[PDB]
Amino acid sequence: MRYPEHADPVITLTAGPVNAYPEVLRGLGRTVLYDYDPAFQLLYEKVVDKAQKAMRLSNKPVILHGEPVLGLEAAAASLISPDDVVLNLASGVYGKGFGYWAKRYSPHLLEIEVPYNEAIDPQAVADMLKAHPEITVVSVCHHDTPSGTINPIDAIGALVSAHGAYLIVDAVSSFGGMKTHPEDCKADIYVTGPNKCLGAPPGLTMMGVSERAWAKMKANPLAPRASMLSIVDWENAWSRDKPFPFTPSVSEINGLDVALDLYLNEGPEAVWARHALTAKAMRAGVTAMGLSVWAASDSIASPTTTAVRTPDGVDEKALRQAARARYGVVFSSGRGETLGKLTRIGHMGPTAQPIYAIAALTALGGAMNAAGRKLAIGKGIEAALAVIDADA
């Protein structure tokens, strides 16, 4: 049998979007209230509170009404002034991408770049900060999703703070899937969203903003105001007694409310543990069947996405097409420089369950063997199962 391209798949095991939690799907269908209805004003405030709790934040996170690219662009536009000296850290497509936004707002850009299967060395950051005491802003990506690798943002954040500089963190594809919070890495702007590990669709940004970041932005006359890019205009919008700069995405708020409930109710530590275990099983299976994990070392592989290096001679696009057509299972391609070079299996929110690693490994192996590889699929499944069983 074959699954047609036009028809829905059986299991979406991508690095996001994945299907939302079923409760979130129902939540998206909640009553759409007028945004100035008192019941909505209360709800919105409560949602900010839940987000604050989930992010372990000492102050209120800002919700912005676009998917997280909005938060990242807004952070650059607001926190980077023309006299700032920015150090951008690039270990993949998103990290490198951010430097282009930094250069938009300040002509002074320094960069540390590593190969797109490696991680930034905190010591290299320290060496750079010593060489360049003029640095005032540092930007880093936690999980550079198209690479499935993780940067040590807490160690990096400690060094940025030691140098009196501001830290911008992209944690879009890590928050909620592993231990990470604005406080942990001493972030001044910490950008995430509910559309990766939290199991909601794309549409909203969740942003931690330090009191020092608030001061800097509010004193910056170039920071966007009366603009979709404005962070400062949303400063007090959490309050039931305050207006919204523009109309909030009411249904997305309903979805986020449920996503936060699910996360908080399950227990963040338990949620992180199942992401890590699913990924660990996946990597063990990949290696056992004769494939290679993309990450330069196991230690930097993401607990929320496994990137698998495309073997020589294998057409990666055809591979994904075959996994879907044969088994109904959808994986992600790479992006930019990693496009065509790897395949990504997400382990995110609803898909962060070890049984999904088993399904993924089988479909990946099956498609690889259809492409003429001679993988030991059974061996891969047993290796993955051994990881699950050893944690039991």
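A residue's number is simply how far along the shown sequence it sits, counting from 1.
Of the two segments, 335-343 and 64-72, the one listed with the higher mean B-factor is 335-343 (C-alpha atoms only). On average the C-alpha atoms of 312-320 have higher B-factors than those of the other stretch, with 179-187 and 312-320 being the two compared. Looking only at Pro248, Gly255, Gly157, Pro243, the residue with the top Cα B factor in the deposited structure is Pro243. For the set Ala259, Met282, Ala171, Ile112, the PDB entry assigns the largest Cα B-factor to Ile112. Per the PDB record, residue ranking by Cα B-factor puts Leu25 in the lowest third of the chain. Ranked by C-alpha B-factor against the other modelled residues of its chain, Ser58 falls in the highest third. When all modelled residues of the chain are sorted by CA temperature factor, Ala370 is found within the highest third. Ranked against the other modelled residues of its chain, the C-alpha B-factor of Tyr263 as given in the entry falls in the lowest third. Per the PDB record, residue ranking by Cα B-factor puts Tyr94 in the middle third of the chain.
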